[PDB]
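Colleague: One structure, as structure tokens, below. Some questions next.
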Amino acid sequence: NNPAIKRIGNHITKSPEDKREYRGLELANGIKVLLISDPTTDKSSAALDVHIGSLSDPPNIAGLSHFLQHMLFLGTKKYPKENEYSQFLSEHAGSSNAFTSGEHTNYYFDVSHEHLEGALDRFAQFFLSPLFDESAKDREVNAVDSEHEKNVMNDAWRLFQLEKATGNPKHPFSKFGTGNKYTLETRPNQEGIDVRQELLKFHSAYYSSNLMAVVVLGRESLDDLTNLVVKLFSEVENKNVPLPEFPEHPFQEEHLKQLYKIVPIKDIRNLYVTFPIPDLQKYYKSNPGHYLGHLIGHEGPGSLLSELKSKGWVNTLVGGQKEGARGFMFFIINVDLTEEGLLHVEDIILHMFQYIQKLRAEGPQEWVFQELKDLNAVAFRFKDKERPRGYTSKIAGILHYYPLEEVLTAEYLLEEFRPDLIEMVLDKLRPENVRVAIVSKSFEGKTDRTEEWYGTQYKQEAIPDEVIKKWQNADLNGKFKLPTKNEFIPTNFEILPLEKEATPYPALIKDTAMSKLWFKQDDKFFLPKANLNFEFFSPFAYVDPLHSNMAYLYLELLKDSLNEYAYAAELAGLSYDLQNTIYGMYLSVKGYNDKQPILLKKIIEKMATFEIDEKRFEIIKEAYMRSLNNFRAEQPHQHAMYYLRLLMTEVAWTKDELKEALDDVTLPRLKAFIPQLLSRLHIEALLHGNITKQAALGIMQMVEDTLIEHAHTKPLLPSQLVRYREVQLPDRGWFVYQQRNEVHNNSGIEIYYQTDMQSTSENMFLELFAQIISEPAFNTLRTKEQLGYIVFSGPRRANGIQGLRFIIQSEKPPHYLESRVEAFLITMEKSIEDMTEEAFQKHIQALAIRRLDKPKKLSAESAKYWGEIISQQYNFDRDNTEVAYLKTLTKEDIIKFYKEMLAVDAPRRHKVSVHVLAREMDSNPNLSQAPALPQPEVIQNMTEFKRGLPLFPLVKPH
Amino acid sequence: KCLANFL
């Protein structure tokens with residue numbers, strides 16, 4: 001008997017482990033709604049997803065819905081201030097974002113739990129009466145231009161758009177979703193378009209209530225959340241819009257049997273193989289695409305990848321189904337390519353078809369379905385609790401595809417075995433349907449076409465009928481086998497009882513020469529899961545460039561050889577991370593703590609007795625070179641950060657030094673290095689989860705024992721445990737290092753104001769100041785001044801030292817950028833004077849909320865501890881300490897700080913700037929006032945610069 | 001074993 005609600009769903013199916021509460025419903029205007037009650041939650045969240053996206057852009061205005069998406073954040077009739085929304089979130093511990101896919105536009109935020117309504121009210125207005133202010137439109141068009149600019153030289157985006165340009169040009173699929181200055185301003189002006197109209201018109205046409213899903217998560221009751229959503233959302237007009245469909249596959253007859261040869265930006269070798277398939281979405285309960293994805297994409301013994309890897313043709317493979325839109329989908333198999341592989345594409349593909357053929361011969365396999373189903377059931381039951389923001393965003397999307405009651409389970413639980421569908425999809429994976437793309441630098445200058453939006457150089461060709469024929473007569477090949485029963489599937493899920501001496505924080509339960517063990521039994525999440533983290537120290541992992549190279553290579557070769565065996569563990573929710581650090585090695589094992597000791601033992605055993613394959617060494621090494629080389633293609637702002645890291649750390653080997661040194665790495669040299677590296681270690685570890693003190697000690701000891709037994713590993717001296725220091729900058733000094741990015745026609749800049757070592761007080765000064773300037777910086781440098789898409793500020797922490805930093809990627813030159821940040825900084829101090837006492841306390845409260853946000857899942861908690869451990873601060877209770885301290889602070893305290901350490905004529909200003917110039921810039925010489933700046937000392941040489949300066953102490957361990 | 005524009 002409520003007119004506003006069309007219906008309430010029945011029980012929404014949750015995992016029995018899920019303590020949160022749920023209600024599905026549909027509003028009278030047709031909006032689908034999921035409500036989530038979590039009385040424990042620190043942040044609340046909501047999301048709205050409109051079932052419209054760039055596929056419904058007017059053909060004459062590419063990127064209009066992406067543009068529209070940017071614009072809704074910039075003011076509504078009810079809250080006209082350009083950044084009310086942004087600011088409200090900022091000063092209530094929230095944040096927000098949005099994205100536009102071809103069929104969706106998805107808007108979400110989080111906020112402190114007790115300001116849901118405030119946030120949500122402002123949020124709702126996006127869908128009721130956006131202003132699309134005229135001067136906002138003029139400015140924001142640059143943000144989008146910048147967004148696209150950043151993607152132009154990116155290889156993923158180029159391939160993404162190239163696929164679209166090589167299908168039916170008539171099809172909506174072939175549209176350019178991002179837009180830029182040209183398509184959103186320049187061209188529309190020439191063509192007499194009033195864009196504020198087109199934005200108003202499009203919003204009015206498509207932002208209909210019938211195409212909308214809303215998820216809201218908060219502490220309130222389901223009844224309270226119900227009234228709330230009804231109140232704010234039933235006034236969204238139902239313009240009854242038919243939901244767009246795309247029955248016609250964008251790849252028609254003439255688009256099949258085609259071969260594309262593509263020149264990349266980075267030096268990569270890839271083979272993309274694509275088949276068009278119908279929309280499988282409706283079969284979600286049986287899911288034939290997943291079954292075939294699992295199989296064709298398998299990596300274990302007998303798998304397709306396995307044979308291609310053995311022939312030295314490929315290193316990695318992806319396969320399975322790929323979204324298109326309502327009405328069409330793709331089935332893909334993409335591999336990377338060794339130098340041999342490039343010359344055997346025809347053979348690669350024949351093996352692809354031989355494997356597929358094997359799947360035909362053997363037919364559909366219920367036990368494989370059974371396994372997939374059980375894994376998913378286990379995954380679902382024991383799923384980690386999500387951060388609310390991502391959770392709401394995601395459910396909002398799927399509300400458009402699944403009955404209310406199933407929204408939680410529909411992407412997990414499989415129900416129906418369908419050999420018919422498996423058969424039917426399989427029948428499409430045939431040589432007469434194939435599209436083939438080869439990406440390689442060897443097509444330089446051998447190409448005759450250009451994709452218009454990105455400038456992608458490529459050539460197109462009919463695959464010869466004779467070749468199709470060869471692929472069509474693909475024999476069974478004896479090296480291909482279905483995978484066998486997965487022995488890694490966990491079966492024991494008991495939660496060990498909480499020991500009498502479990503502690504709130506990790507305890508140091510072992511402190512010896514060889515190893516230092518931190519342990520905590522999970523007292524929070526109760527899932528049959530564990531995290532085992534190991535930091536291995538050796539001075540030989542980074543003693544020089546050559547040694548870095550070897551530490552890396554060793555670890556890549558190990559992973560590569562372990563791959564077949566570990567893949568099974570991964571499907572079973574048991575995975576591992578293994579990489580070289582500037583201190584030695586890092587190992588993390590994560591997942592169900594049933595079969596974990598097994599995988600761990602296999603790993604240590606392998607590293608300690610490693611036997612290197614000659615051919616695998618050559619391939620991996622070659623890849624690593626290209627990898628180091630390809631750095632030159634990273635974004636200008638990534639470059640900026642890279643250089644700052646190199647400038648400020650005591651020891652740091654450059655990519656140039658690494659690639660230069662990489663020629664000296666021979667098979668002999670590596671074999672000698674491993675036992676050398678392994679012969680003396682210290683291990684510091686975090687064991688955290690569903691395990692007991694006994695189990696932990698045994699796990700740690702088993703690791704140690706395996707190393708002794710096989711590598712004769714003995715301890716390291718306490719004095720050898722060398723942590724690197726941060727370079728210490730001189731009062732009133734200012735240095736600039738400048739370099740050029742040769743791929744990107746944007747510039748990047750990082751500005752670092754070093755303050756002092758970390759410590760309760762210095763941390764909180766920096767953190768509070770960052771909180772206050774956080775939103776205004778974004779708002780000034782981007783929204784108002786439109787300096788770029790990437791605009792960032794906040795604390796920088798490294799080697800126990802800290803400071804404030806700004807990162808901007810922009811079309812304007814770095815000296816210009818410097819100027820405007822400096823201007824901004826004056827604004828901020830002026831603003832901190834003008835701001836009320838409350839405004840100030842609000843900011844304290846926001847920081848507090850952020851810092852005190854409880855981890856929602858095991859990994860998140862481990863991460864916090866691991867931060868304390870690797871930084872050797874071991875300040876496990878730091879959050880209450882630092883928040884306790886924060887509340888003490890006043891306007892005076894922060895003004896003092898800014899005056900002392902940050903202001904342009906600060907007594908203790910310590911400033912480094914990294915300038916990364918655009919491809920085309922050559923030299924490096926109404927809006928608020930920018931102060932006159934000192935003569936910068938231009939850093940000529942990094943070694944010299946470092947030798948000429950003090951180094952900071954290392955932080956005293958808590 | 002298995003795109004979109006951010007704000």
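For neighbour counting, all protein chains shown are included, and Cβ atoms are generated from backbone atoms with ideal geometry for every residue, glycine included. Any read-out appearing in this document is the output of simple, stated calculations on the displayed coordinates, not a laboratory observation.
Colleague: Which value, in nm² and rounded to one decimal, describes the direction-averaged projected area of the C-alpha convex hull of region A:244-473? Write down the numbers at each step before the final one.
Modeller: Values: hull surface 60.5 nm².
Convex hull of Cα atoms, orientation-averaged projection: 15.1 nm².
Colleague: With a 10 Å Cβ neighbour count serving as the proxy for reagent exposure, in which order, fewest first, do A:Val214, A:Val263, A:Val703 appear?
Modeller: A:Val263, A:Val703, A:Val214
Colleague: Show me, for region A:540-549, the HN-Hα J-couplings you get by feeding each phi into the Karplus relation (A = 6.51, B = -1.76, C = 1.60, θ = phi - 60°), rounded to Hz, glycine and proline as x.
Modeller: With coefficients 6.51, -1.76 and 1.60, one gets 8, 6, 8, 3, 7, x, 3, 5, 3, 3 Hz.
Colleague: Against the empirical 2.2 N^0.38 Å scaling, what ratio does the C-alpha Rg of region A:1-243 come to?
Modeller: Details: Rg = 19.1 Å, N = 243, 2.2 N^0.38 = 17.7 Å.
Expressed relative to 2.2 N^0.38 Å, the Cα Rg reads 1.08.
Colleague: Here is a further query. Between region A:587-658 and region A:930-958, what is the separation of their alpha carbon centroids in Å?
Modeller: 29
Colleague: Among A:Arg196, A:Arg732, A:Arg269, rank each residue by its count of other Cβ atoms within 10 Å, from fewest to most, as a rough exposure measure. Let's see the in-between values first.
Modeller: Numbers: A:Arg196 16, A:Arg732 13, A:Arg269 21.
Ordered by Cβ neighbours within 10 Å, fewest first: A:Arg732, A:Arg196, A:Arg269.
Colleague: What translational diffusion coefficient, in µm²/s and rounded to a whole number, does the Stokes-Einstein relation yield for region A:529-606 at 37 °C and a viscosity of 0.692 mPa s, taking the hydrodynamic radius as the Kirkwood radius over Cα pairs? Mind showing how you got there, number by number?
Modeller: On the way: Rh = 13.1 Å.
The calculation lands on 251 µm²/s.
Colleague: Based solely on its DSSP helices, what 222 nm [θ] is calculated for the protein assembly as shown when runs of n ≥ 4 H residues each add -39,500 (n - 2.57) and the sum is averaged over all residues, nearest 500 deg cm²/dmol?
Modeller: Helix-only estimate at 222 nm: -11500 deg cm²/dmol.
Colleague: Given H placed 1.01 Å from N in the peptide plane, which residues other than close sequence neighbours of A:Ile277 have an amide H under 5 Å from its amide H?
Modeller: Here the answer is A:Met329, A:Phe330, A:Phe331, since their amide H atoms fall under 5 Å of that of A:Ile277.
Colleague: Considering the zone a paramagnetic label at A:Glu117 would reach in this model (a point 7 Å from Cα along the Cα-to-Cβ line), which residues of region A:175-219 have amide N under 18 Å from it?
Modeller: From region A:175-219, the list is A:216-219.
Colleague: Fewest to most neighbouring Cβ within 10 Å: what's the order for A:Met702, A:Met585? Present the calculation step by step, with values, prior to reporting the outcome.
Modeller: Numbers: A:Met702 14, A:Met585 22.
With the fewest neighbours first, A:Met702, A:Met585 line up as A:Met702, A:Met585.
Colleague: For region A:500-726, taking Cα atoms only, what is the radius of gyration to one decimal and the Dmax to the nearest whole Å?
Modeller: Answer for region A:500-726, Rg first and Dmax second: 18.6, 57 Å.
Colleague: Checking a compactness column here: for region A:431-535, what do you get for Rg(Cα) / (2.2 N^0.38 Å), N being the number of residues? Don't jump to the answer; show the numbers that get you there.
Modeller: Values: Rg = 28.8 Å, N = 105, 2.2 N^0.38 = 12.9 Å.
Cα Rg divided by the expected 2.2 N^0.38 Å: 2.23.
Colleague: What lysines does A:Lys358 reach when the alpha-carbon gap must be under 17 Å and sequence neighbours fewer than 8 apart in one chain are set aside?
Modeller: A:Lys428, A:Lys470, A:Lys479, A:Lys481
Colleague: Determine the shape class of region A:647-695: with a ≥ b ≥ c the square roots of the Cα gyration tensor eigenvalues, call it rounded for a/c under 1.5, and otherwise prolate if a/b is greater than b/c, oblate otherwise. Could the numbers behind the result be given before it?
Modeller: Numbers: a/c = 3.33, a/b = 1.73, b/c = 1.93.
Oblate.
Colleague: Taking the Cβ-Cβ separation of A:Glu339 and A:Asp448 as r and a Förster radius of 30 Å, what is the calculated FRET efficiency to the nearest 0.05? Write down the numbers at each step before the final one.
Modeller: Numbers: r = 25 Å, r/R0 = 0.83.
After rounding, the FRET efficiency stands at 0.75.
Colleague: Still on this model: Shape of region A:401-472 from its Cα gyration tensor (a ≥ b ≥ c, root eigenvalues): rounded if a/c is under 1.5, otherwise prolate when a/b > b/c, or oblate? Mind dumping the intermediate values first?
Modeller: Values: a/c = 4.30, a/b = 1.72, b/c = 2.50.
Judged from the Cα gyration tensor, region A:401-472 comes out oblate (a/c at least 1.5, b/c at or above a/b).
Colleague: Turning to a different aspect of this structure: State the Cα centre-to-centre distance between region A:353-372 and region A:682-738 in whole Å.
Modeller: 46
Colleague: Another question, then. What does the charge count near A:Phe88 come to, summing +1 for each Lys or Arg and -1 for each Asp or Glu among other residues with Cβ under 10 Å from its Cβ? Please list the in-between numbers first.
Modeller: Numbers: positive: A:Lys81, A:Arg122; negative: A:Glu84, A:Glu91, A:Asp121, A:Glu775.
Cβ neighbours under 10 Å give a net charge of -2.
Colleague: Moving to a separate point now. Less than 24 Å apart at the alpha-carbon level, and either on another chain or at least 8 residues along: which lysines does that give for A:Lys175?
Modeller: Reachable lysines: A:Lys137, A:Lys150, A:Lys164, A:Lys201, A:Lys257, A:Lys261, A:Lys322, A:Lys459.
Colleague: Each residue of region A:163-179 in turn: what ³J(HN,Hα) in whole Hz from Karplus with 6.51, -1.76, 1.60 and θ = phi - 60°, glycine and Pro shown as x?
Modeller: 3, 4, 6, 10, x, 2, x, 5, 6, x, 2, 7, 7, 8, x, 6, x
Colleague: Residue by residue, what Karplus-based ³J(HN,Hα) values in Hz, rounded to whole numbers, does region A:376-382 have, using 6.51, -1.76 and 1.60 with θ = phi - 60° and x for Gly and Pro?
Modeller: Couplings: 4, 4, 5, 3, 5, 3, 10 Hz.
Colleague: Per the Kirkwood formula on distinct C-alpha pairs, the Rh of the protein assembly as shown is how many angstrom? Mind showing how you got there, number by number?
Modeller: Working: mean 1/r = 0.0326 Å⁻¹.
This gives a value of 30.7 Å.
Colleague: Along the principal axes of its C-alpha atoms, what lengths does region A:270-340 span, in descending order and rounded to whole Å?
Modeller: 40, 23, 11
Colleague: On to the next question. Cut-off under 20 Å on the C-alpha distance; same-chain residues fewer than 8 positions from A:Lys946 excluded. Which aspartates and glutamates are left, in chain and number order?
Modeller: Cα-Cα hits under 20 Å: A:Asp544, A:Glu650, A:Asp656, A:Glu657, A:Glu726, A:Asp731, A:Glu750, A:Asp756, A:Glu937.
Colleague: So what's the projected area for region A:727-958, the Cα convex hull averaged over all directions, in nm²? Show your work: numbers first, answer last.
Modeller: On the way: hull surface 57.5 nm².
Taking the Cα atoms of region A:727-958, their convex hull projects to 14.4 nm² on average.
Colleague: Moving on. Using just the alpha carbons, could you tell me how many Å³ per residue the convex hull of region A:170-240 encloses? Before the final figure, lay out each step's value.
Modeller: On the way: hull volume 11.5 nm³, N = 71.
Hull volume normalised by residue count: 163 Å³.
Colleague: DSSP beta bridges in chain A, what fraction antiparallel, as a percent rounded to 5? Walk me through the numbers before you get to the answer.
Modeller: Numbers: 113 of 142 bridges.
Bridges in chain A that DSSP calls antiparallel: roughly 80 percent.
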